[PDB]
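Novice: Take this structure, written in structure tokens, and hold onto it; I'll ask about it next.
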Amino acid sequence: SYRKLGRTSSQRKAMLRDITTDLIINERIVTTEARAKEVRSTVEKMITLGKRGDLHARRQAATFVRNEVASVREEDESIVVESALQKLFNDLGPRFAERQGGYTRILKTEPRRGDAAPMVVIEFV
Amino acid sequence: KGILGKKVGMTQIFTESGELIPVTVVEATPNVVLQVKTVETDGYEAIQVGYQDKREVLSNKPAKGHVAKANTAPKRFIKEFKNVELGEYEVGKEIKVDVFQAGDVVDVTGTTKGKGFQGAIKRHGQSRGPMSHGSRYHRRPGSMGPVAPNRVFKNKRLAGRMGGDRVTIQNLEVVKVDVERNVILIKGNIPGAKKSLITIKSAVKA
Amino acid sequence: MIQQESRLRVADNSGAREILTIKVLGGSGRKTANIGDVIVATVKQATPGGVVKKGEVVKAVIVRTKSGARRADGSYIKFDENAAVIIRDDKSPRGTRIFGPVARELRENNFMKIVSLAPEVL
Amino acid sequence: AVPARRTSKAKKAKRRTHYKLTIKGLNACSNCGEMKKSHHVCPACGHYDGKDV
Amino acid sequence: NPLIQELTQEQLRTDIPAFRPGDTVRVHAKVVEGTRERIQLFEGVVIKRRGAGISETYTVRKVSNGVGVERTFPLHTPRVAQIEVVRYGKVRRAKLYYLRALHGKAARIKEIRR
RNA sequence: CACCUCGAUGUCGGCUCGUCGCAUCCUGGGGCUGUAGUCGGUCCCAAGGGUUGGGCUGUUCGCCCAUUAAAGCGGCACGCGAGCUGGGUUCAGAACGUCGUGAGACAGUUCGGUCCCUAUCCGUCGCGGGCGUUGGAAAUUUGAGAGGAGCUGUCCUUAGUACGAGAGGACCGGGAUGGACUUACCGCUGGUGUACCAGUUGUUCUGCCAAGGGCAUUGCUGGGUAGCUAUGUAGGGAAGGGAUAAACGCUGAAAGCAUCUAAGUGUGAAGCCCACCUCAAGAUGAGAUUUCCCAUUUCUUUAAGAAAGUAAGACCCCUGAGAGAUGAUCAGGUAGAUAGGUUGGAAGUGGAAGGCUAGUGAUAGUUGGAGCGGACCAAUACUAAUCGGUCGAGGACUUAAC
RNA sequence: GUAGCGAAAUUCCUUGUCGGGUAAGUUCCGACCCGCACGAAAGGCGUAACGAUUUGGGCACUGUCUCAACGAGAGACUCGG
RNA sequence: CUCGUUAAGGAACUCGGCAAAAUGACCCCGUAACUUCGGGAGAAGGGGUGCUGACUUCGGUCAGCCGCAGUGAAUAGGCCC
RNA sequence: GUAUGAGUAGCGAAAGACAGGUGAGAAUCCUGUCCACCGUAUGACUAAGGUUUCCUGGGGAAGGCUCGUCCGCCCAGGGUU
RNA sequence: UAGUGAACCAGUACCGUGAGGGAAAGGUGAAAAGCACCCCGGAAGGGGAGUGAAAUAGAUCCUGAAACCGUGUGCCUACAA
Ligand SMILES: [K+]
Ligand SMILES: [K+]
Ligand SMILES: [K+]
Ligand SMILES: [K+]
Ligand SMILES: [K+]
Ligand SMILES: [K+]
Ligand SMILES: [K+]
Ligand SMILES: [K+]
Ligand SMILES: [K+]
Ligand SMILES: [K+]
Ligand SMILES: [K+]
Ligand SMILES: [K+]
Ligand SMILES: [K+]
Ligand SMILES: [K+]
Ligand SMILES: [K+]
Ligand SMILES: [K+]
Ligand SMILES: [K+]
Ligand SMILES: [K+]
Ligand SMILES: [K+]
Ligand SMILES: [K+]
Ligand SMILES: [K+]
Ligand SMILES: [K+]
Ligand SMILES: [K+]
Ligand SMILES: [K+]
Ligand SMILES: [K+]
Ligand SMILES: [K+]
Ligand SMILES: [K+]
Ligand SMILES: [K+]
Ligand SMILES: [K+]
Ligand SMILES: [K+]
Ligand SMILES: [Mg+2]
Ligand SMILES: [Mg+2]
Ligand SMILES: [Mg+2]
Ligand SMILES: [Mg+2]
Ligand SMILES: [Mg+2]
Ligand SMILES: [Mg+2]
Ligand SMILES: [Mg+2]
Ligand SMILES: [Mg+2]
Ligand SMILES: [Mg+2]
Ligand SMILES: [Mg+2]
Ligand SMILES: [Mg+2]
Ligand SMILES: [Mg+2]
Ligand SMILES: [Mg+2]
Ligand SMILES: [Mg+2]
Ligand SMILES: [Mg+2]
Ligand SMILES: [Mg+2]
Ligand SMILES: [Mg+2]
Ligand SMILES: [Mg+2]
Ligand SMILES: [Mg+2]
Ligand SMILES: [Mg+2]
Ligand SMILES: [Mg+2]
Ligand SMILES: [Mg+2]
Ligand SMILES: [Mg+2]
Ligand SMILES: [Mg+2]
Ligand SMILES: [Mg+2]
Ligand SMILES: [Mg+2]
Ligand SMILES: [Mg+2]
Ligand SMILES: [Mg+2]
Ligand SMILES: [Mg+2]
Ligand SMILES: [Mg+2]
Ligand SMILES: [Mg+2]
Ligand SMILES: [Mg+2]
Ligand SMILES: [Mg+2]
Ligand SMILES: [Mg+2]
Ligand SMILES: [Mg+2]
Ligand SMILES: [Mg+2]
Ligand SMILES: [Mg+2]
Ligand SMILES: [Mg+2]
Ligand SMILES: [Mg+2]
Ligand SMILES: [Mg+2]
Ligand SMILES: [Mg+2]
Ligand SMILES: [Mg+2]
Ligand SMILES: [Zn+2]
């Protein structure tokens, strides 16, 4: 099954895309227990697409990954901007070329003050 | 005659003459007689039967000791069968699906799938109230009773946890027996979710 | 599944065109009738020159339904409409010709005359 | 519906019998020895399973 | 599920031709009117295929005497002596339920000669 | 009649839910008959179950239509409005007939007209915690007691027999198949199926093409997995004992006879006790069986003393579902397939993208049953169930027997 | 008490009677007239158009219903405030 | 409570089709009784709608293509006695 | 004045996410990015009315239906030509 | 809670369009000697150390009742109406 996360269908989809792209960009984020336990599957599927690497996988991922700036360097006296999608297919896929799934780990931490909502750290291995 | 098995699922089978019937597949890895109870030691006659070998780390020293007599691995399920011929059974004896033959009439006991907290409409098949014409009474359990008692009679059925009960279906037909796969095909459908425990016995009514 | 107030086409030339169900014979509380069941119906629309005429209380047998029947071999038959044949008390059809296909269930129900007259039995 | 009779102190205390907090899952952190929640990162040293995180 | 597959693998039939919804098929369906058994041909367009393994079934639709008729058959029933693919039709979906509303020319399906 | 209620006890009908009485509507048993048979009439026993769908009317009632084995009569605040409705009746408006000089009114009608309340206690339906059950644990269990279920048609045969002059037409017995009800389940027929597939409109965004995303009820539309489901499928009220009711006896006197009774003894109902299903030892009367742990340490006092480590075992915590409001239950915690991912399948959809070919083009063919593919199936420790902690016995006395 | 209308927003008896409509119509429509207790400017009768008016019937349509099933969201439920 | 879908039936619901469903835009054809001659009337009942070429008098027409469906979504009368 | 109901009803239409910062302390303040909502308005001006709520710098007692490092609140200066 | 409504910044606050209605609220100590300094805390608030005859007279300050809330426990209580 899957979790509703207290959102409508469209809202839940948008939030998952946001958090999944955030995890792709940062490689480590802090969220609630339930959000993490769903983001793990979504982001690992995105990494599967990146590992595939073909154009079909690229477009499938583009339907999900957000259009954000993953990173920016100054290379050859020119600013090189890498999007979330480009980072996925250029860095994360090759990085996990060998692992057979399980690309993320979740570490439980203190509950949040305002809610007592259980918090966790989700990060690539 | 009886055996314990696991409700594998449901399918359909073509009999001879081309008729098509629904069957439930129930797998029964050979059960083992773990204990024999008698009027002398227990005051009634029956045989304790174990099924579905269990990992040792999942068992207790007392449980291992109990099954030691029969000299078998720990069993997940244990149940007593009555109305059997104690002479034919002994601790350590095995019971296989071949105990039954196709065409037998049996009673199948299981634990109904649990539905959780359910309203009276579903739980007791009571009538809804009108859904329009100003009705503000849709899925409620009706009147609780007359005024005079100043109370509610017992068995005034209401919402509550539904399912998970011991249910027996009588006079089901043993369509087929596969000893190699420890499978019994029983015509119809039987209570319980897949992988749940199932108890086949020779029909009492017969 | 034909119930009270359900309307059916008439699959014969007895004169009636559309009938409306009054009862589903066969039991005190019986709710629905299917192929091969007899019903008490009223003629809501009749051909001008027919024998059976509008507003007459008649008996009929259902010969095809949208919700059809399941055969013992595991097959099913479904039709595109609910049609019935007006019959006498002894199952003899009131008309002389039957229109459209008819379901084979009528044979075991012993509507042999209708079965023979039917242009096709399925 | 409204209370027909006020609730007495004894009855009120009986009802609150089960209205209590609990603390579970605390044991010494391997890395630093501070009490932590099992299966959680130690809030003090930030270690879990013997590694900084 | 693997266990069920094995149990029903025996009764699965093998000579079923390769057809999909939209193909016209003739079904040689056995029928008994008492002691005598007979083959009644039901020829029509395949409207639906569903299920898996032994439980797979398919529906065939024909307009006989101005009335639409549908027959649903288990794909592996021994009571169907033979299934014959009269034609291959071009359709764009698995379930052809829309045909039920159409009549005559509107219900025509172009052939493809696979 | 005016005894409770006028510092409020809500009134008809309907709906939901029933429950009880028997003066029994059907089914069951029986006597008498102006009981030939099929039908009946009347009375006796019998309350186990069942006892309908509409037209009219606010209606109850009643008539009617069509069924049924039957369409019972009543009580429960003419049961049931902190459970529902509010059509009628009792507010304010207005009108008709009528009465009144009149305001108005009914000896009457007609159209329209606010039904509030977060459940404290008992009660009822479910689910936990505590302690008990006398050493501590893991399982399996007997059943004191309780609940459930309890209905019935039609056809065939016996037999066109018994009966009857004929029409007509059986008891008993044996089969087949339904109705209503009901327990389960999703293999089938279908429904649903908002993180499955596809088509498609408008606009807008990813710079543009192409390909996609956002919003428009899930934008709309066509399908649909798992799960949940009925109208779908399967099954049930089978047979049979025990004691009886009405009834009928056998033997038998009181009372030479007679006599079912006083003694003695039997048949006899859908009813009673079983039989069938479910719950059930908090059944404080706390039962029984199998298996496991083993008699430790310290101090007080002979104490059924106190505490402190544990044993068997259980739980905390964590991964979860076949479970679930939460507890609980059950599957697992590397002694590992518990879940996620990954790999391969399946259902499902219906031919992806990028190319190539044809066409002026829309588009079609092909690469290719492709691509995609929530919950389904099978493998795989890749990720997370790490490390840990807490609780948990040493078994009283009396008296028979040995 | 004329014309006109009449079981009527008026008819108690009354579900008057008859006909139409329905399988079945105390409502509705047409007719009759023993008008309990119509009636001519507190107007009589009729009347195209109009009406969130009252009333009856028909088609279409459907979860209103037979008889309920599933899904979405908010509350309810658990936790922190 | 708010919302979506629903097998077969289709008002059997109910005091009463209450609620919901259905109709809904534009263009074309066609449109009854009755009437105060204005109306009734958007009566009713039907048909067309997308995209690509060719031709147009520029509104069309002809040909072709695709889908279950072309005011492809949103917003738009239900009708009759 | 304090109870009971009870740690119960309610917390007043709707989308937020994460990174960084600040700080004793952050779901709630600041910055950034994406996302989403209104757009004959939920935008831009104004009249009335309010009467300093405007700006800057501080604060977290009370008020804010949670929190608050923040505010139309509190403190101090200042602002209408 | 008396005594003027008002012992105190009272016809005030507040209510009302307006006339008008109209509160609550006294007490450290003899003397501020109103707790320097130290410690926990961001603060608040505390613990010391001091002032004082007295600080359980610490400004919500004389006395400090009852309701109500809480901590400790000598006895009793999980087959009872
Ligand atoms: K009164
Ligand atoms: K009799
Ligand atoms: K009875
Ligand atoms: K009625
Ligand atoms: K009753
Ligand atoms: K009420
Ligand atoms: K009450
Ligand atoms: K009480
Ligand atoms: K678009
Ligand atoms: K947008
Ligand atoms: K569907
Ligand atoms: K016990
Ligand atoms: K392609
Ligand atoms: K495929
Ligand atoms: K009259
Ligand atoms: K009158
Ligand atoms: K009539
Ligand atoms: K009118
Ligand atoms: K009006
Ligand atoms: K609905
Ligand atoms: K109905
Ligand atoms: K009525
Ligand atoms: K008209
Ligand atoms: K078209
Ligand atoms: K319109
Ligand atoms: K209070
Ligand atoms: K309270
Ligand atoms: K500030
Ligand atoms: K003092
Ligand atoms: K005390
Ligand atoms: Mg949306
Ligand atoms: Mg982001
Ligand atoms: Mg009902
Ligand atoms: Mg009482
Ligand atoms: Mg298929
Ligand atoms: Mg008196
Ligand atoms: Mg009172
Ligand atoms: Mg009696
Ligand atoms: Mg009453
Ligand atoms: Mg009441
Ligand atoms: Mg007068
Ligand atoms: Mg009166
Ligand atoms: Mg009105
Ligand atoms: Mg199913
Ligand atoms: Mg399935
Ligand atoms: Mg484009
Ligand atoms: Mg918008
Ligand atoms: Mg597995
Ligand atoms: Mg009349
Ligand atoms: Mg009607
Ligand atoms: Mg009449
Ligand atoms: Mg008058
Ligand atoms: Mg006059
Ligand atoms: Mg007038
Ligand atoms: Mg709370
Ligand atoms: Mg439907
Ligand atoms: Mg339909
Ligand atoms: Mg009706
Ligand atoms: Mg009715
Ligand atoms: Mg309406
Ligand atoms: Mg539209
Ligand atoms: Mg409460
Ligand atoms: Mg709010
Ligand atoms: Mg607008
Ligand atoms: Mg400001
Ligand atoms: Mg400021
Ligand atoms: Mg606050
Ligand atoms: Mg005063
Ligand atoms: Mg003192
Ligand atoms: Mg004091
Ligand atoms: Mg007792
Ligand atoms: Mg006691
Ligand atoms: Zn640590």
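Labels for the structure tokens follow display order: chains A, B, ..., residues from 1 in each chain, ligands from 1.
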If the limit is 10 Å from any atom of ligand 48, counting only C-alpha atoms (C1' of nucleotides) and all ligand atoms, which residues qualify? Return them as number ranges by chain.
Specialist: F: 337-339, 377-379
Novice: Residues at most 12 Å from residue 25 (chain I), counting only C-alpha atoms (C1' of nucleotides), excluding those fewer than 5 positions away in the same chain, as a PyMOL selection string?
Specialist: (chain A and resi 113-114) or (chain I and resi 67-69) or (chain J and resi 42-43)
Novice: Export, as a PDB file, in the first residue's frame, the selected residues with C-alpha atoms (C1' of nucleotides).
Specialist:
```
ATOM      1  CA  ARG A 113       8.963  20.594  19.449  1.00  0.00           C
ATOM      2  CA  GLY A 114       5.884  22.182  17.914  1.00  0.00           C
TER       3      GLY A 114
ATOM      4  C1'   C I  67       4.205  28.231  18.869  1.00  0.00           C
ATOM      5  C1'   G I  68       6.789  32.501  18.404  1.00  0.00           C
ATOM      6  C1'   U I  69      13.174  34.940  18.246  1.00  0.00           C
TER       7        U I  69
ATOM      8  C1'   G J  42      17.528  33.472  28.281  1.00  0.00           C
ATOM      9  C1'   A J  43      14.322  35.330  31.526  1.00  0.00           C
TER      10        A J  43
END
```
Novice: Distance limit 9 Å, reference ligand 40, atoms considered: only C-alpha atoms (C1' of nucleotides) and all ligand atoms. Which residues make the cut? Give them as a list in words.
Specialist: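 For ligand 40, the residues inside 9 Å are residues 143, 146 and 147 of chain B; 80, 81, 82 and 83 of chain F.
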Novice: For the residues in the current selection, export N, CA, C and O atoms (P, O5', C5', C4', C3', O3' and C1' of nucleotides) as a PDB file, in the first residue's frame.
Specialist:
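Final output, part-v3.pdb:
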```pdb
ATOM      1  N   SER B 143     -34.129   1.772  16.959  1.00  0.00           N
ATOM      2  CA  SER B 143     -34.483   2.018  18.346  1.00  0.00           C
ATOM      3  C   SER B 143     -33.801   1.005  19.254  1.00  0.00           C
ATOM      4  O   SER B 143     -33.572  -0.144  18.879  1.00  0.00           O
ATOM      5  N   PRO B 146     -38.197  -0.573  23.994  1.00  0.00           N
ATOM      6  CA  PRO B 146     -39.343   0.147  24.546  1.00  0.00           C
ATOM      7  C   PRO B 146     -38.969   0.903  25.813  1.00  0.00           C
ATOM      8  O   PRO B 146     -37.899   0.727  26.391  1.00  0.00           O
ATOM      9  N   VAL B 147     -39.890   1.768  26.232  1.00  0.00           N
ATOM     10  CA  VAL B 147     -39.648   2.609  27.396  1.00  0.00           C
ATOM     11  C   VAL B 147     -39.676   1.794  28.678  1.00  0.00           C
ATOM     12  O   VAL B 147     -38.810   1.948  29.544  1.00  0.00           O
TER      13      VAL B 147
ATOM     14  P     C F  80     -43.864   5.183  22.559  1.00  0.00           P
ATOM     15  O5'   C F  80     -42.439   4.986  21.883  1.00  0.00           O
ATOM     16  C5'   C F  80     -41.271   4.833  22.670  1.00  0.00           C
ATOM     17  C4'   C F  80     -40.078   4.462  21.829  1.00  0.00           C
ATOM     18  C3'   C F  80     -39.778   5.376  20.653  1.00  0.00           C
ATOM     19  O3'   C F  80     -39.029   6.517  21.024  1.00  0.00           O
ATOM     20  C1'   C F  80     -39.748   3.131  19.929  1.00  0.00           C
ATOM     21  P     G F  81     -39.759   7.918  21.287  1.00  0.00           P
ATOM     22  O5'   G F  81     -39.601   8.693  19.910  1.00  0.00           O
ATOM     23  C5'   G F  81     -38.370   8.681  19.207  1.00  0.00           C
ATOM     24  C4'   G F  81     -38.015  10.052  18.699  1.00  0.00           C
ATOM     25  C3'   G F  81     -37.809  11.119  19.757  1.00  0.00           C
ATOM     26  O3'   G F  81     -36.501  11.081  20.293  1.00  0.00           O
ATOM     27  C1'   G F  81     -39.151  11.962  17.983  1.00  0.00           C
ATOM     28  P     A F  82     -36.247  11.303  21.858  1.00  0.00           P
ATOM     29  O5'   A F  82     -34.708  11.691  21.936  1.00  0.00           O
ATOM     30  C5'   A F  82     -34.176  12.702  21.095  1.00  0.00           C
ATOM     31  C4'   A F  82     -32.864  13.229  21.615  1.00  0.00           C
ATOM     32  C3'   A F  82     -31.737  12.222  21.724  1.00  0.00           C
ATOM     33  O3'   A F  82     -31.072  12.002  20.500  1.00  0.00           O
ATOM     34  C1'   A F  82     -31.887  13.423  23.734  1.00  0.00           C
ATOM     35  P     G F  83     -30.148  10.709  20.332  1.00  0.00           P
ATOM     36  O5'   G F  83     -31.144   9.508  20.634  1.00  0.00           O
ATOM     37  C5'   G F  83     -32.419   9.443  20.012  1.00  0.00           C
ATOM     38  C4'   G F  83     -32.308   8.939  18.600  1.00  0.00           C
ATOM     39  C3'   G F  83     -33.216   9.575  17.568  1.00  0.00           C
ATOM     40  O3'   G F  83     -32.776  10.851  17.151  1.00  0.00           O
ATOM     41  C1'   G F  83     -33.182   7.240  17.262  1.00  0.00           C
TER      42        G F  83
END
```
Novice: Report as number ranges by chain which protein, DNA and RNA residues come within 8 Å of ligand 19, using only C-alpha atoms (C1' of nucleotides) and all ligand atoms.
Specialist: G: 51-53
Novice: Store the residues picked out above in a file with N, CA, C and O atoms (P, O5', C5', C4', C3', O3' and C1' of nucleotides), as a PDB file, in the first residue's frame.
Specialist:
```
ATOM      1  P     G G  51     -44.118  32.703 -16.128  1.00  0.00           P
ATOM      2  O5'   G G  51     -44.741  32.797 -14.670  1.00  0.00           O
ATOM      3  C5'   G G  51     -44.436  33.897 -13.822  1.00  0.00           C
ATOM      4  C4'   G G  51     -44.881  33.643 -12.406  1.00  0.00           C
ATOM      5  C3'   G G  51     -44.362  32.351 -11.790  1.00  0.00           C
ATOM      6  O3'   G G  51     -44.122  32.546 -10.401  1.00  0.00           O
ATOM      7  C1'   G G  51     -46.724  32.314 -11.832  1.00  0.00           C
ATOM      8  P     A G  52     -42.739  33.195  -9.909  1.00  0.00           P
ATOM      9  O5'   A G  52     -41.897  31.962  -9.360  1.00  0.00           O
ATOM     10  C5'   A G  52     -41.771  30.754 -10.094  1.00  0.00           C
ATOM     11  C4'   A G  52     -41.133  29.690  -9.242  1.00  0.00           C
ATOM     12  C3'   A G  52     -41.929  29.299  -8.003  1.00  0.00           C
ATOM     13  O3'   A G  52     -42.808  28.219  -8.254  1.00  0.00           O
ATOM     14  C1'   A G  52     -39.738  29.916  -7.368  1.00  0.00           C
ATOM     15  P     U G  53     -44.318  28.483  -8.717  1.00  0.00           P
ATOM     16  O5'   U G  53     -45.175  28.106  -7.437  1.00  0.00           O
ATOM     17  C5'   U G  53     -45.143  28.922  -6.283  1.00  0.00           C
ATOM     18  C4'   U G  53     -46.530  29.183  -5.776  1.00  0.00           C
ATOM     19  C3'   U G  53     -47.424  27.963  -5.669  1.00  0.00           C
ATOM     20  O3'   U G  53     -47.201  27.229  -4.483  1.00  0.00           O
ATOM     21  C1'   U G  53     -48.591  29.699  -6.760  1.00  0.00           C
TER      22        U G  53
END
```
Novice: Up to 8 Å from chain A, what residues of chain G turn up? Count only C-alpha atoms (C1' of nucleotides) and give them as a list in words.
Specialist: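 Within 8 Å of chain A on chain G, we get residues 73, 79, 80 and 81 of chain G.
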Novice: Any chance you could export the current selection's N, CA, C and O atoms (P, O5', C5', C4', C3', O3' and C1' of nucleotides) as a PDB file, in the first residue's frame?
Specialist:
```pdb
ATOM      1  P     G G  73      -8.431  10.738   1.194  1.00  0.00           P
ATOM      2  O5'   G G  73      -9.003  12.138   1.675  1.00  0.00           O
ATOM      3  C5'   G G  73      -8.639  13.329   1.003  1.00  0.00           C
ATOM      4  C4'   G G  73      -9.600  14.445   1.307  1.00  0.00           C
ATOM      5  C3'   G G  73      -9.838  14.746   2.771  1.00  0.00           C
ATOM      6  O3'   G G  73      -8.811  15.525   3.353  1.00  0.00           O
ATOM      7  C1'   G G  73     -11.905  14.644   1.640  1.00  0.00           C
ATOM      8  P     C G  79      -3.332   9.250  23.207  1.00  0.00           P
ATOM      9  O5'   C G  79      -2.126  10.042  22.543  1.00  0.00           O
ATOM     10  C5'   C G  79      -0.853   9.436  22.430  1.00  0.00           C
ATOM     11  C4'   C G  79       0.114  10.300  21.667  1.00  0.00           C
ATOM     12  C3'   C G  79       0.270  11.731  22.138  1.00  0.00           C
ATOM     13  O3'   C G  79       1.075  11.864  23.293  1.00  0.00           O
ATOM     14  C1'   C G  79       0.081  11.707  19.798  1.00  0.00           C
ATOM     15  P     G G  80       0.730  12.990  24.382  1.00  0.00           P
ATOM     16  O5'   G G  80       1.276  14.324  23.715  1.00  0.00           O
ATOM     17  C5'   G G  80       2.669  14.545  23.605  1.00  0.00           C
ATOM     18  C4'   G G  80       2.980  15.858  22.943  1.00  0.00           C
ATOM     19  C3'   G G  80       2.228  17.077  23.433  1.00  0.00           C
ATOM     20  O3'   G G  80       2.717  17.598  24.650  1.00  0.00           O
ATOM     21  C1'   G G  80       2.228  17.066  21.084  1.00  0.00           C
ATOM     22  P     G G  81       1.733  18.419  25.613  1.00  0.00           P
ATOM     23  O5'   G G  81       1.347  19.700  24.756  1.00  0.00           O
ATOM     24  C5'   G G  81       2.336  20.648  24.403  1.00  0.00           C
ATOM     25  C4'   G G  81       1.745  21.836  23.691  1.00  0.00           C
ATOM     26  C3'   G G  81       0.571  22.510  24.372  1.00  0.00           C
ATOM     27  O3'   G G  81       0.949  23.375  25.421  1.00  0.00           O
ATOM     28  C1'   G G  81       0.097  22.229  22.079  1.00  0.00           C
TER      29        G G  81
END
```
Novice: Give me, as JSON lines, each residue of chain A that comes within 6 Å of chain F, together with its shortest interatomic pair and the distance in Å at one decimal, counting only C-alpha atoms (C1' of nucleotides), with rows ordered by chain and rising residue number.
Specialist:
```
{"residue": "A:1", "atom": "CA", "partner": "F:375", "partner_atom": "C1'", "distance": 4.7}
{"residue": "A:9", "atom": "CA", "partner": "F:194", "partner_atom": "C1'", "distance": 5.9}
{"residue": "A:56", "atom": "CA", "partner": "F:353", "partner_atom": "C1'", "distance": 5.6}
{"residue": "A:99", "atom": "CA", "partner": "F:382", "partner_atom": "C1'", "distance": 5.8}
{"residue": "A:100", "atom": "CA", "partner": "F:342", "partner_atom": "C1'", "distance": 4.7}
{"residue": "A:101", "atom": "CA", "partner": "F:342", "partner_atom": "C1'", "distance": 4.4}
{"residue": "A:102", "atom": "CA", "partner": "F:383", "partner_atom": "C1'", "distance": 4.1}
{"residue": "A:105", "atom": "CA", "partner": "F:383", "partner_atom": "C1'", "distance": 5.7}
```
Novice: Could you pull out the residues in chain E that DSSP calls strand (DSSP E) from the backbone, as a ChimeraX atom specification?
Specialist: /E:24-32,37-50,57-64,67-74,80-87
Novice: Atoms to include: C-alpha atoms. Write the selected residues as a CSV table (one decimal), in the first residue's frame.
Specialist:
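As written to disk, result-v3.csv reads:
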```
chain,number,residue,atom,x,y,z
E,24,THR,CA,-14.1,-12.4,-35.0
E,25,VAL,CA,-14.2,-16.0,-33.8
E,26,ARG,CA,-16.4,-19.0,-34.3
E,27,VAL,CA,-16.9,-21.1,-31.2
E,28,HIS,CA,-17.8,-24.8,-31.6
E,29,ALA,CA,-19.8,-25.1,-28.4
E,30,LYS,CA,-21.1,-28.5,-27.4
E,31,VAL,CA,-24.8,-28.6,-26.4
E,32,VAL,CA,-26.9,-31.5,-25.1
E,37,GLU,CA,-25.0,-34.0,-28.0
E,38,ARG,CA,-24.5,-31.5,-30.7
E,39,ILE,CA,-22.1,-28.7,-31.8
E,40,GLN,CA,-23.8,-25.3,-32.1
E,41,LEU,CA,-21.7,-22.6,-33.8
E,42,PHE,CA,-21.5,-19.2,-32.1
E,43,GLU,CA,-19.8,-16.8,-34.5
E,44,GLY,CA,-19.2,-13.2,-33.4
E,45,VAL,CA,-16.7,-10.6,-32.4
E,46,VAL,CA,-14.6,-11.0,-29.2
E,47,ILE,CA,-15.7,-8.3,-26.9
E,48,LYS,CA,-13.6,-9.1,-23.8
E,49,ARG,CA,-10.8,-11.2,-22.5
E,50,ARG,CA,-10.1,-11.3,-18.7
E,57,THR,CA,-12.5,-16.2,-19.9
E,58,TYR,CA,-13.6,-14.4,-23.1
E,59,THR,CA,-16.9,-13.0,-24.3
E,60,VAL,CA,-18.2,-13.1,-27.9
E,61,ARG,CA,-21.0,-10.8,-29.2
E,62,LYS,CA,-23.3,-11.4,-32.1
E,63,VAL,CA,-26.5,-9.7,-33.3
E,64,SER,CA,-29.0,-12.5,-34.1
E,67,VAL,CA,-31.0,-8.6,-30.9
E,68,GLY,CA,-27.5,-8.4,-29.5
E,69,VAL,CA,-26.3,-11.6,-27.7
E,70,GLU,CA,-23.2,-12.2,-25.7
E,71,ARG,CA,-21.7,-15.5,-24.7
E,72,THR,CA,-19.0,-15.8,-22.1
E,73,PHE,CA,-16.8,-18.9,-22.2
E,74,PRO,CA,-14.0,-20.2,-20.0
E,80,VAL,CA,-15.9,-25.8,-26.5
E,81,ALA,CA,-14.6,-28.4,-29.0
E,82,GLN,CA,-12.8,-25.7,-31.0
E,83,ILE,CA,-12.2,-22.0,-31.3
E,84,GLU,CA,-11.7,-20.7,-34.9
E,85,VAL,CA,-10.4,-17.2,-35.8
E,86,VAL,CA,-12.6,-16.1,-38.7
E,87,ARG,CA,-11.1,-12.6,-38.9
```
Novice: Output as CSV one row per residue of chain F within 12 Å of ligand 36: the closest atom pair and its distance in Å to one decimal place, counting only C-alpha atoms (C1' of nucleotides) and all ligand atoms, sorted by chain and residue number ascending.
Specialist:
```
residue,atom,partner,partner_atom_place_in_ligand_line,distance
F:1,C1',ligand 36,1 (Mg),8.9
F:2,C1',ligand 36,1 (Mg),7.3
F:3,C1',ligand 36,1 (Mg),9.1
```
